[PDB]
Amino acid sequence: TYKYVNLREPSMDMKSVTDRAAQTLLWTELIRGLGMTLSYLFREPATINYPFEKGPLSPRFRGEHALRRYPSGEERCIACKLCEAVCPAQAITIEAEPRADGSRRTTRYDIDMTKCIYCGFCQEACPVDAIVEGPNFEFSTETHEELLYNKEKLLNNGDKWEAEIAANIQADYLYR
Amino acid sequence: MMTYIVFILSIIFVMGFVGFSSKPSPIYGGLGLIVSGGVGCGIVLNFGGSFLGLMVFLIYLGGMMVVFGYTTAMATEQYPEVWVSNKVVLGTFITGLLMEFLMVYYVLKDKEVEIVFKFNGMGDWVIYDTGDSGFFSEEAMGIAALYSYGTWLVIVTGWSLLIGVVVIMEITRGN
Amino acid sequence: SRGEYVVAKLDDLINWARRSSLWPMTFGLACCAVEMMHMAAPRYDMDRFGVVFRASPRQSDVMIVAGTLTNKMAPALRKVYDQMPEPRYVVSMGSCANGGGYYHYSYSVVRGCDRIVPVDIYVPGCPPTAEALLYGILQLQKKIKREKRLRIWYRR
Amino acid sequence: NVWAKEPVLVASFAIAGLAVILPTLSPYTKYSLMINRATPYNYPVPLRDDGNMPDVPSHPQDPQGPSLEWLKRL
Amino acid sequence: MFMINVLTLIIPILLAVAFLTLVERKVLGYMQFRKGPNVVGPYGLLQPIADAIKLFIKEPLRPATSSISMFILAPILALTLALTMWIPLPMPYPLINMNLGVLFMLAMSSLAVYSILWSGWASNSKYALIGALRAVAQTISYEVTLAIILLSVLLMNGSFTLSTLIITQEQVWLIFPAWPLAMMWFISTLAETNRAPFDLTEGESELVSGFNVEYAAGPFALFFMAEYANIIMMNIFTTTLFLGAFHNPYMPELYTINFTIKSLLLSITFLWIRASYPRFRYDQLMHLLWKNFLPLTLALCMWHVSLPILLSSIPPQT
Amino acid sequence: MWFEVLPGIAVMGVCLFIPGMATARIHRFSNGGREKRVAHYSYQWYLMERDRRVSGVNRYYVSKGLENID
Amino acid sequence: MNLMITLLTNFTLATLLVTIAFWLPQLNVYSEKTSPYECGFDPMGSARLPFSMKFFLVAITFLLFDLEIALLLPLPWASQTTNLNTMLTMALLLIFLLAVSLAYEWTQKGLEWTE
Amino acid sequence: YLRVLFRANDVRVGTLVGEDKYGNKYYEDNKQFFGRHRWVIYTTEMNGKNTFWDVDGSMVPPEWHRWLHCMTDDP
Amino acid sequence: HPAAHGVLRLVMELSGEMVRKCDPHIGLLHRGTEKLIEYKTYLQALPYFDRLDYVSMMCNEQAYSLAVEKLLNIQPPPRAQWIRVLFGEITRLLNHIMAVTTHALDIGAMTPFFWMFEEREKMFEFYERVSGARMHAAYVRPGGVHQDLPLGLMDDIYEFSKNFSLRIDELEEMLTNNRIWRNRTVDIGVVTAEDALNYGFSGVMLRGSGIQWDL
Ligand code: SF4
Ligand code: SF4
Ligand code: SF4
């Protein structure tokens, strides 16, 4: 099945040839193009007003690389390194030690926000949902030093909101 | 205070036009040339001619436009010459301007300059129209005679211009 | 204190004037350039802020390095960057530019564009949103609010 | 047909040809002649007293002379 | 006080150009479905003021192969001649009542062309060379047809003086005795104005603005203000030349109102034409110009020769 | 619609409303309330020149009407 | 010289724009900005390099038809004479000859190459 | 009116949805399109920055940040 | 340069505004994808095929996942197949409209840029609500569509279908018998069918000249 184009020919009737001549003279459908543009002129425009009227998003959006914790509990990460094992540009540096009880933990959990690419694979791989993409996307850093997050930066970033992340996951856990 | 203003425009005309004629690169030549053409238009406009000078400035300009197009086209150096770049051009420019200022001196502070004629050195408010009743701005009718009495003259003019067109066409075609 | 007062007013004038227009140029290597084109999309205008495209390197104020800077490109990048007037600013737009990113462990890829030019504002995200890039430009305008150049020149 | 190969040329030749043909027939040409002769920039000179010429009047109000009248008479 | 009148001509051209850049950006924004400058104070105004101030900050620089005299004396000729066109403009009674103004319009517009050309030459960076030669191309095309159409439109009623021209624009507008000649004239002046890529090949995206691809950031204000003076200039010359306004005797402000509103509505029309059409083409510009305009223009010229000789409608060209 | 562009058009229109208005107001101010006498041709020039001759001030715009009949 | 007065004032305006461009605002640190830009590559030689042109007939054609414009421009003052038919005859001969020249080089494909 | 006049552009008060600690206000209109449903009004001196001017993103609390990016329909 | 769409070194050795040679020196956007995909695994190196093309963000993913599944002898269940077809057509729509748009930018024609980029902002909203991505949805694993489309999305696709049919009729209204754009571009880039075969062109070219071929 195919539908090809420009099978056409100049029709040799007199009204046809004088209408093609009048279009040659006055540039009539050129004026029709002007009319189409004016029809979008009187149309009301569709922008937003940035600091005041932000643009929309999605519940599944990928943001911050923050961390959660239990209800009044420990750090949810258990140092299982699946996030590094799926991390495509290896921006997950993990050095682990157990703490002073016998339970297992970390020492160093660094995300390279430069080398990250915001897959979501460390969302899909984390077995307890300990690392979560945030909602907001405002980093905007005057140095190169201050886009390398350490562990306490990540946990103070994840304690800036949880009810946010709890709302997004609670509205999104059945899908994924 | 000033009165010699037509002569002073002529002096500026001759300065720029001699620096034109000393042959630097045609870019600078055209710069000095259009300066000279504009001030010559000012000379003939201030002398009594209404439109003829502004006309010839327009025509001469368009000629210089095409001349600039071809000097971009053909004659280019690894670095083109300016007035103050080479020895010979600088010497010619200084000597021409020297002869100009020397004529300025012999007109201003002296009596008579007799190189080819005994030119009366004083101001050019003489000779001039003694307030004759024009009512039609003489040069307007003086060009308007060209289509009234000018039978044979524009015939040979247009004929020679048509021949000029076909001549340029055949010399370019003759490859 | 009338001298420092008048110099303070005039410095506030010129810094407001600098943060007013800020038209960039379009370097735009890869898909971050597509995000620049969607920053020229009508749902997020830059011409609310006097921010215009200008393809010549001779009159832009800020310059957005946006894409994967390679070795075959980078000397041409700096030989654009230098022939640009004395207030010059760099927006590192995107994970490729702000530290190498996804092509970091490879030949022929500059690991972060601090190895060529200085960088004022990093805006991470691969790509950034239009919203995040616009936030970065607003923070750069606030840096231009934080200049106090002419106060420094007078108190020198 | 011969029309819209390059039809602005046909339009040009047509309006040019009627511009050539049209000054053959007109009722206004000799009107243009008499207007464009009868309006002088210059001065009507007097002349010598006469040899009693039965023309060329003595007062400009005297209607013996050739005046212009058809202007206000359409 | 004559100096005061000169200053009250050269002060509103600054304000006219700057607030017209505001008009261009915001009208073009609402034209293209987006929004214009809105955040900056009351709606835009102080930001085009800031555009002028910012461009005066920029601290320009001279290139290497860039002979300083020609370099910094080109855009001076651009801005000065784009001003000095505005002397015989008959805003109700003009600055100097010259006995002829339209060949003066021709000559000073051609001077604007030469200043563009010399800047594109002495920039000396090969892109301004290509752009300067394209400007030579669109000047070869559009300083003949404009001249002969001018000869035709003042052949009917002109006698070269603008006061007699506003007397001839009294019973009917001169759009109606010459309408297709007016169409061709508007297209030719839109070319010569070197805005509107309907007929502009200098400010390309194929090149980058062939006049001043790599000039300097300082005199961009000179060049920019010169060409928008060119836009307002030829549109005011249009609004005088073809159509016009029944001026009140002994009251000129009504003439100024009607004249100014007609001129700036045609300027918005000009920008509205710029908004919507693609760029155009060197040899297609030659093809379109010569093989479309020029025989039809000559036919209109001979027909406006033959018209007053057959209707006794010859002007009182005293 | 165009509701947000009309202040720019109005301000720029006053920027084109000013120069002819100030021009004609200056020309009426510049001859004592009379219009600037133009002079196209030589005849009208000599007429204006005897005008500036017979005012005494050598300023033509007074124009001394019906007073020196006697 | 009233136009000369105005030209002097606009030249002073242009010089104050030059001085406010260069001298007043800030400094002028050199040593690479003077290099010529094309797109990011230092080109061969420089410009002012021999550059051939496409049009050969069109520029001289412009020149000759500008000269014929110059002949045609006293049509307004000519239009008031006593010898009307002679004026009309020679004027029609001028434009007819001009169009014959144009249509001759148009049919002899003078403009159908690199226009 | 001077505040909302030189705020950015709007006069469209008339919905008055909510306000929050830090004092800031949140409005939501029905009549406009998809993109001008909701907006924020920043109060001044919320951290004493003279934040009448130079307002930042992320001055919003996070629960209203989820509300204002249109992920739910209710405050 | 902006007419150099992206980054493209072009050594043109011309005669003046009527050429002699053109040399497409490309390689400035050389990154090393093939070396990197040597040193990774399949599921990890999938975003190099997100990021290889950067307009057709889904069809090249479809190509890679089809390569792996044609290697691996797996047929995914048909709801994934129809959703893959759906996003194939939607992303193909996005790519063709950007092709028309950037050719309009090169040729002049500043406004259909803005119109169709508002439409493409709606398209990116669809990608937002589908995968949480603005421009690079991985979203197509070997194994099919992952994390399927949420509730209340086909309403949006239906409304976009109706409005976009109107908008593309309005693009045909705007251009397409514009005299200046037509007679701007008529007889350039003629490609004979013999050369279209042996020069290795494919797809839109072979549709666009002669032969009746469709993948
Ligand atoms: S995948 Fe989750 S639990 Fe495992 S090491 Fe990473 S962050 Fe910790
Ligand atoms: S989203 Fe970032 S940190 Fe997480 S796996 Fe991908 S590149 Fe690594
Ligand atoms: S950072 Fe991401 S969006 Fe930007 S150029 Fe690199 S791959 Fe493309």
# chains A, B, ... in the order shown; residues from 1 in each chain; ligands from 1
>>> residues_near_ligand(ligand="ligand 3", cutoff="6 Å", atoms="only C-alpha atoms and all ligand atoms", output="ChimeraX atom specification")
/C:30-32,67-68,94-96,126-127 /I:51
>>> write_last_selection(atoms="N, CA and C atoms", output="mmCIF file, in the first residue's frame")
data_model
loop_
_atom_site.group_PDB
_atom_site.id
_atom_site.type_symbol
_atom_site.label_atom_id
_atom_site.label_comp_id
_atom_site.auth_asym_id
_atom_site.auth_seq_id
_atom_site.Cartn_x
_atom_site.Cartn_y
_atom_site.Cartn_z
ATOM 1 N N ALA C 30 25.489 18.255 21.527
ATOM 2 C CA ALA C 30 24.583 17.122 21.385
ATOM 3 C C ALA C 30 23.304 17.503 22.116
ATOM 4 N N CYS C 31 22.470 16.501 22.419
ATOM 5 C CA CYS C 31 21.131 16.612 23.006
ATOM 6 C C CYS C 31 20.845 17.666 24.078
ATOM 7 N N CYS C 32 21.859 18.080 24.838
ATOM 8 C CA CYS C 32 21.737 19.343 25.556
ATOM 9 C C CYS C 32 21.427 20.521 24.625
ATOM 10 N N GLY C 67 27.077 19.828 25.938
ATOM 11 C CA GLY C 67 27.330 18.677 25.107
ATOM 12 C C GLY C 67 28.586 17.975 25.568
ATOM 13 N N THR C 68 29.017 17.017 24.761
ATOM 14 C CA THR C 68 30.134 16.159 25.131
ATOM 15 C C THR C 68 31.390 16.708 24.483
ATOM 16 N N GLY C 94 24.814 20.224 31.619
ATOM 17 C CA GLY C 94 24.689 18.820 31.330
ATOM 18 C C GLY C 94 25.777 17.956 31.914
ATOM 19 N N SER C 95 25.418 16.692 32.118
ATOM 20 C CA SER C 95 26.291 15.728 32.768
ATOM 21 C C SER C 95 27.564 15.479 31.981
ATOM 22 N N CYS C 96 27.503 15.559 30.648
ATOM 23 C CA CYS C 96 28.717 15.419 29.850
ATOM 24 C C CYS C 96 29.697 16.537 30.138
ATOM 25 N N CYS C 126 20.626 15.126 33.024
ATOM 26 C CA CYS C 126 20.969 14.610 31.697
ATOM 27 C C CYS C 126 19.693 14.235 30.960
ATOM 28 N N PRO C 127 19.111 15.162 30.214
ATOM 29 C CA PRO C 127 19.408 16.582 30.103
ATOM 30 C C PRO C 127 18.901 17.332 31.313
ATOM 31 N N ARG I 51 21.314 7.349 24.302
ATOM 32 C CA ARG I 51 22.057 8.580 24.105
ATOM 33 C C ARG I 51 22.812 8.609 22.795
#
>>> residues_near_ligand(ligand="ligand 1", cutoff="6 Å", atoms="only C-alpha atoms and all ligand atoms", output="PyMOL selection string")
chain A and resi 77-83+125-127+130-131
>>> write_last_selection(atoms="N, CA, C and O atoms", output="PDB file, in the first residue's frame")
ATOM      1  N   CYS A  77      19.659   1.822  53.859  1.00  0.00           N
ATOM      2  CA  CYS A  77      20.688   1.136  53.083  1.00  0.00           C
ATOM      3  C   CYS A  77      21.408   0.105  53.928  1.00  0.00           C
ATOM      4  O   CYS A  77      21.593   0.285  55.131  1.00  0.00           O
ATOM      5  N   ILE A  78      21.763  -1.017  53.308  1.00  0.00           N
ATOM      6  CA  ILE A  78      22.422  -2.084  54.041  1.00  0.00           C
ATOM      7  C   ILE A  78      23.756  -2.442  53.408  1.00  0.00           C
ATOM      8  O   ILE A  78      24.317  -3.501  53.708  1.00  0.00           O
ATOM      9  N   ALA A  79      24.248  -1.589  52.510  1.00  0.00           N
ATOM     10  CA  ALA A  79      25.531  -1.734  51.829  1.00  0.00           C
ATOM     11  C   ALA A  79      25.598  -3.041  51.044  1.00  0.00           C
ATOM     12  O   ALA A  79      26.427  -3.909  51.305  1.00  0.00           O
ATOM     13  N   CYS A  80      24.692  -3.184  50.081  1.00  0.00           N
ATOM     14  CA  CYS A  80      24.673  -4.395  49.280  1.00  0.00           C
ATOM     15  C   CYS A  80      25.228  -4.178  47.891  1.00  0.00           C
ATOM     16  O   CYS A  80      25.277  -5.126  47.108  1.00  0.00           O
ATOM     17  N   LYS A  81      25.589  -2.944  47.550  1.00  0.00           N
ATOM     18  CA  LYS A  81      26.378  -2.567  46.379  1.00  0.00           C
ATOM     19  C   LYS A  81      25.703  -2.867  45.045  1.00  0.00           C
ATOM     20  O   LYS A  81      26.345  -2.731  43.992  1.00  0.00           O
ATOM     21  N   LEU A  82      24.422  -3.250  45.056  1.00  0.00           N
ATOM     22  CA  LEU A  82      23.679  -3.413  43.814  1.00  0.00           C
ATOM     23  C   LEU A  82      23.576  -2.114  43.045  1.00  0.00           C
ATOM     24  O   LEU A  82      23.555  -2.128  41.810  1.00  0.00           O
ATOM     25  N   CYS A  83      23.528  -0.991  43.753  1.00  0.00           N
ATOM     26  CA  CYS A  83      23.483   0.291  43.080  1.00  0.00           C
ATOM     27  C   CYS A  83      24.760   0.551  42.304  1.00  0.00           C
ATOM     28  O   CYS A  83      24.702   1.018  41.160  1.00  0.00           O
ATOM     29  N   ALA A 125      17.067  -1.089  41.517  1.00  0.00           N
ATOM     30  CA  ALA A 125      17.925  -2.132  42.042  1.00  0.00           C
ATOM     31  C   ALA A 125      17.989  -2.164  43.552  1.00  0.00           C
ATOM     32  O   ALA A 125      18.379  -3.191  44.107  1.00  0.00           O
ATOM     33  N   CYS A 126      17.640  -1.083  44.214  1.00  0.00           N
ATOM     34  CA  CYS A 126      17.847  -1.009  45.647  1.00  0.00           C
ATOM     35  C   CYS A 126      16.823  -1.882  46.335  1.00  0.00           C
ATOM     36  O   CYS A 126      15.622  -1.665  46.156  1.00  0.00           O
ATOM     37  N   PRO A 127      17.242  -2.879  47.105  1.00  0.00           N
ATOM     38  CA  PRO A 127      16.309  -3.933  47.511  1.00  0.00           C
ATOM     39  C   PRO A 127      15.314  -3.493  48.543  1.00  0.00           C
ATOM     40  O   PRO A 127      14.279  -4.144  48.693  1.00  0.00           O
ATOM     41  N   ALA A 130      16.001   2.202  49.450  1.00  0.00           N
ATOM     42  CA  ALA A 130      16.712   3.109  50.331  1.00  0.00           C
ATOM     43  C   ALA A 130      17.209   4.340  49.599  1.00  0.00           C
ATOM     44  O   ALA A 130      17.222   5.429  50.175  1.00  0.00           O
ATOM     45  N   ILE A 131      17.628   4.195  48.353  1.00  0.00           N
ATOM     46  CA  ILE A 131      17.952   5.341  47.513  1.00  0.00           C
ATOM     47  C   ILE A 131      16.779   5.606  46.582  1.00  0.00           C
ATOM     48  O   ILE A 131      16.240   4.687  45.958  1.00  0.00           O
TER      49      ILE A 131
END
>>> interface_residues(of="chain B", to="chain D", cutoff="12 Å", atoms="only C-alpha atoms", output="ChimeraX atom specification")
/B:133-138,141
>>> residues_around(residues="stretch 271-274 of chain E", least_positions_apart="3", cutoff="9 Å", atoms="only C-alpha atoms", output="list in words")
residues 34, 37 and 38 of chain A; 24, 27, 28, 31, 195, 196, 197, 198, 266, 267, 268, 277 and 278 of chain E
>>> interface_residues(of="chain H", to="chain E", cutoff="9 Å", atoms="only C-alpha atoms", output="JSON, numbers by chain")
{"H": [5, 6, 7, 8, 9]}
>>> interface_residues(of="chain A", to="chain I", cutoff="7 Å", atoms="only C-alpha atoms", output="PyMOL selection string")
chain A and resi 30+33+36+57-58+60-62+86+88+175-176
>>> residues_around(residues="residue C:37", least_positions_apart="3", cutoff="10 Å", atoms="only C-alpha atoms", output="PyMOL selection string")
(chain C and resi 26+28+31-34+40-41+130) or (chain I and resi 113-114+117)
>>> write_last_selection(atoms="C-alpha atoms", output="short mmCIF file (atom, residue, chain, number, x, y, z; two decimals), in the first residue's frame")
data_model
loop_
_atom_site.label_atom_id
_atom_site.label_comp_id
_atom_site.auth_asym_id
_atom_site.auth_seq_id
_atom_site.Cartn_x
_atom_site.Cartn_y
_atom_site.Cartn_z
CA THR C 26 24.62 28.66 20.70
CA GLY C 28 25.38 23.21 21.50
CA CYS C 31 21.13 16.61 23.01
CA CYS C 32 21.74 19.34 25.56
CA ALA C 33 21.46 21.52 22.41
CA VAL C 34 18.01 20.05 21.89
CA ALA C 40 13.61 28.45 23.08
CA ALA C 41 10.27 26.66 23.09
CA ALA C 130 13.98 23.69 30.74
CA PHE I 113 9.76 26.31 14.95
CA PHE I 114 7.78 27.84 17.79
CA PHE I 117 7.94 23.01 19.58
#
>>> residues_around(residues="stretch 52-68 of chain F", least_positions_apart="6", cutoff="12 Å", atoms="only C-alpha atoms", output="ChimeraX atom specification")
/F:27-38,45-46
>>> residues_near_ligand(ligand="ligand 2", cutoff="6 Å", atoms="only C-alpha atoms and all ligand atoms", output="number ranges by chain")
A: 83, 86-89, 91-92, 116-122
>>> write_last_selection(atoms="N, CA, C and O atoms", output="PDB file, in the first residue's frame")
ATOM      1  N   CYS A  83      23.528  -0.991  43.753  1.00  0.00           N
ATOM      2  CA  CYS A  83      23.483   0.291  43.080  1.00  0.00           C
ATOM      3  C   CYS A  83      24.760   0.551  42.304  1.00  0.00           C
ATOM      4  O   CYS A  83      24.702   1.018  41.160  1.00  0.00           O
ATOM      5  N   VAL A  86      24.794  -1.791  39.171  1.00  0.00           N
ATOM      6  CA  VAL A  86      24.058  -1.310  38.013  1.00  0.00           C
ATOM      7  C   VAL A  86      24.466   0.081  37.594  1.00  0.00           C
ATOM      8  O   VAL A  86      23.937   0.575  36.598  1.00  0.00           O
ATOM      9  N   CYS A  87      25.367   0.740  38.316  1.00  0.00           N
ATOM     10  CA  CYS A  87      25.641   2.142  38.023  1.00  0.00           C
ATOM     11  C   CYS A  87      26.477   2.266  36.764  1.00  0.00           C
ATOM     12  O   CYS A  87      27.615   1.804  36.746  1.00  0.00           O
ATOM     13  N   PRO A  88      25.970   2.877  35.726  1.00  0.00           N
ATOM     14  CA  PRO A  88      26.580   2.712  34.409  1.00  0.00           C
ATOM     15  C   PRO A  88      27.838   3.531  34.243  1.00  0.00           C
ATOM     16  O   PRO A  88      28.755   3.119  33.539  1.00  0.00           O
ATOM     17  N   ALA A  89      27.910   4.693  34.875  1.00  0.00           N
ATOM     18  CA  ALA A  89      29.156   5.435  34.870  1.00  0.00           C
ATOM     19  C   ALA A  89      29.903   5.312  36.180  1.00  0.00           C
ATOM     20  O   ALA A  89      30.764   6.148  36.464  1.00  0.00           O
ATOM     21  N   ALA A  91      29.281   5.881  39.272  1.00  0.00           N
ATOM     22  CA  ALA A  91      29.298   7.043  40.132  1.00  0.00           C
ATOM     23  C   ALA A  91      28.903   6.725  41.557  1.00  0.00           C
ATOM     24  O   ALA A  91      28.612   7.647  42.312  1.00  0.00           O
ATOM     25  N   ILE A  92      28.870   5.459  41.940  1.00  0.00           N
ATOM     26  CA  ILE A  92      28.510   5.057  43.286  1.00  0.00           C
ATOM     27  C   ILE A  92      29.754   4.493  43.946  1.00  0.00           C
ATOM     28  O   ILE A  92      30.159   3.365  43.657  1.00  0.00           O
ATOM     29  N   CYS A 116      26.817  10.929  37.336  1.00  0.00           N
ATOM     30  CA  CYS A 116      25.510  10.304  37.246  1.00  0.00           C
ATOM     31  C   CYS A 116      24.800  10.705  35.961  1.00  0.00           C
ATOM     32  O   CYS A 116      25.121  11.707  35.326  1.00  0.00           O
ATOM     33  N   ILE A 117      23.827   9.884  35.574  1.00  0.00           N
ATOM     34  CA  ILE A 117      23.086  10.091  34.338  1.00  0.00           C
ATOM     35  C   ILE A 117      21.585   9.974  34.550  1.00  0.00           C
ATOM     36  O   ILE A 117      20.807  10.217  33.623  1.00  0.00           O
ATOM     37  N   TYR A 118      21.155   9.662  35.770  1.00  0.00           N
ATOM     38  CA  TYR A 118      19.757   9.680  36.199  1.00  0.00           C
ATOM     39  C   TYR A 118      18.949   8.644  35.417  1.00  0.00           C
ATOM     40  O   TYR A 118      17.939   8.945  34.791  1.00  0.00           O
ATOM     41  N   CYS A 119      19.443   7.402  35.458  1.00  0.00           N
ATOM     42  CA  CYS A 119      18.696   6.284  34.895  1.00  0.00           C
ATOM     43  C   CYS A 119      17.417   6.060  35.659  1.00  0.00           C
ATOM     44  O   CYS A 119      16.323   6.008  35.090  1.00  0.00           O
ATOM     45  N   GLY A 120      17.560   5.878  36.955  1.00  0.00           N
ATOM     46  CA  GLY A 120      16.588   5.163  37.738  1.00  0.00           C
ATOM     47  C   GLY A 120      16.963   3.725  37.993  1.00  0.00           C
ATOM     48  O   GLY A 120      16.194   3.016  38.652  1.00  0.00           O
ATOM     49  N   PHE A 121      18.109   3.261  37.484  1.00  0.00           N
ATOM     50  CA  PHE A 121      18.470   1.878  37.736  1.00  0.00           C
ATOM     51  C   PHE A 121      18.830   1.655  39.191  1.00  0.00           C
ATOM     52  O   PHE A 121      18.570   0.577  39.728  1.00  0.00           O
ATOM     53  N   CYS A 122      19.373   2.659  39.858  1.00  0.00           N
ATOM     54  CA  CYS A 122      19.555   2.501  41.286  1.00  0.00           C
ATOM     55  C   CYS A 122      18.270   2.702  42.062  1.00  0.00           C
ATOM     56  O   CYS A 122      18.235   2.388  43.250  1.00  0.00           O
TER      57      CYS A 122
END
>>> select_by_dssp(residues="stretch 8-143 of chain I", states="alpha helix (DSSP H)", output="PyMOL selection string")
chain I and resi 33-38+42-50+59-72+78-107+111-131
>>> interface_residues(of="chain E", to="chain A", cutoff="6 Å", atoms="only C-alpha atoms", output="JSON, numbers by chain")
{"E": [30, 31, 33, 34]}
>>> write_last_selection(atoms="N, CA and C atoms", output="short mmCIF file (atom, residue, chain, number, x, y, z; two decimals), in the first residue's frame")
data_model
loop_
_atom_site.label_atom_id
_atom_site.label_comp_id
_atom_site.auth_asym_id
_atom_site.auth_seq_id
_atom_site.Cartn_x
_atom_site.Cartn_y
_atom_site.Cartn_z
N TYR E 30 4.44 37.71 20.58
CA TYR E 30 3.02 37.40 20.45
C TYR E 30 2.66 36.96 19.05
N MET E 31 3.50 37.28 18.08
CA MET E 31 3.35 36.76 16.74
C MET E 31 3.63 35.27 16.72
N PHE E 33 3.56 33.17 19.22
CA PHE E 33 2.78 32.36 20.17
C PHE E 33 3.40 32.32 21.57
N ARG E 34 4.58 32.89 21.72
CA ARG E 34 5.28 33.00 22.98
C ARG E 34 5.01 34.37 23.58
#
>>> interface_residues(of="chain I", to="chain C", cutoff="10 Å", atoms="only C-alpha atoms", output="PyMOL selection string")
chain I and resi 1-3+5-9+26-33+35-36+47-48+51-55+98+113-122+133-136
>>> atom_distance(atom1="atom CA of residue A:107", atom2="atom CA of residue A:167")
29.3 Å
>>> closest_atom_pairs(of="chain I", to="chain G", cutoff="8 Å", atoms="only C-alpha atoms", output="JSON lines")
{"residue": "I:1", "atom": "CA", "partner": "G:39", "partner_atom": "CA", "distance": 7.0}
{"residue": "I:15", "atom": "CA", "partner": "G:52", "partner_atom": "CA", "distance": 6.8}
{"residue": "I:16", "atom": "CA", "partner": "G:52", "partner_atom": "CA", "distance": 5.5}
{"residue": "I:17", "atom": "CA", "partner": "G:54", "partner_atom": "CA", "distance": 7.3}
{"residue": "I:18", "atom": "CA", "partner": "G:54", "partner_atom": "CA", "distance": 7.2}
>>> write_last_selection(atoms="N, CA, C and O atoms", output="tab-separated table (two decimals), in the first residue's frame")
chain	number	residue	atom	x	y	z
I	1	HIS	N	28.44	26.90	14.15
I	1	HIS	CA	27.53	27.68	13.34
I	1	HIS	C	26.14	27.04	13.35
I	1	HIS	O	26.02	25.82	13.37
I	15	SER	N	34.66	27.56	-5.72
I	15	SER	CA	34.74	28.83	-6.42
I	15	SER	C	33.57	29.67	-5.95
I	15	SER	O	32.49	29.14	-5.61
I	16	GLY	N	33.79	30.99	-5.94
I	16	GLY	CA	33.11	31.95	-5.09
I	16	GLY	C	31.60	32.03	-5.18
I	16	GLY	O	31.05	32.50	-6.17
I	17	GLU	N	30.94	31.52	-4.13
I	17	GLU	CA	29.49	31.33	-4.02
I	17	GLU	C	28.92	30.45	-5.14
I	17	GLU	O	27.72	30.49	-5.41
I	18	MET	N	29.79	29.70	-5.80
I	18	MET	CA	29.41	28.65	-6.72
I	18	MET	C	30.65	27.76	-6.73
I	18	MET	O	31.58	28.02	-7.48
>>> select_by_dssp(residues="stretch 47-106 of chain A", states="strand (DSSP E or B)", output="PyMOL selection string")
chain A and resi 49+53+66-67+69+75+92-95
>>> residues_around(residues="stretch 35-48 of chain H", least_positions_apart="3", cutoff="10 Å", atoms="only C-alpha atoms", output="count of residues only")
43
>>> residues_around(residues="stretch 13-26 of chain B", least_positions_apart="6", cutoff="7 Å", atoms="only C-alpha atoms", output="PyMOL selection string")
chain B and resi 32-33+35-36+39-40+71+80-83+89+92-93+96-97
>>> interface_residues(of="chain G", to="chain B", cutoff="8 Å", atoms="only C-alpha atoms", output="VMD selection string")
chain G and resid 45 to 46 48 to 53 56 to 57 59 to 61 63 to 64 66 to 67 70 74 to 75 77 to 78 81 83 to 84 86 to 87 90 to 91 94 97 to 98 101 105 110
>>> interface_residues(of="chain F", to="chain B", cutoff="9 Å", atoms="only C-alpha atoms", output="list in words")
residues 40, 41, 42, 43, 44 and 46 of chain F
>>> decode(residues="stretch 12-23 of chain H", atoms="C-alpha atoms", output="JSON list (two decimals), in the first residue's frame")
[["chain", "number", "residue", "atom", "x", "y", "z"],
["H", 12, "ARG", "CA", -5.61, 37.38, 39.18],
["H", 13, "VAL", "CA", -6.29, 37.18, 42.93],
["H", 14, "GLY", "CA", -9.71, 35.68, 43.46],
["H", 15, "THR", "CA", -9.14, 32.01, 44.24],
["H", 16, "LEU", "CA", -7.19, 32.15, 47.56],
["H", 17, "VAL", "CA", -6.40, 28.49, 48.18],
["H", 18, "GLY", "CA", -3.95, 28.38, 51.03],
["H", 19, "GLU", "CA", -0.98, 29.75, 52.91],
["H", 20, "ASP", "CA", 1.85, 28.22, 54.84],
["H", 21, "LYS", "CA", 4.49, 28.62, 57.52],
["H", 22, "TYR", "CA", 7.18, 30.80, 56.04],
["H", 23, "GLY", "CA", 3.97, 32.76, 55.39]]
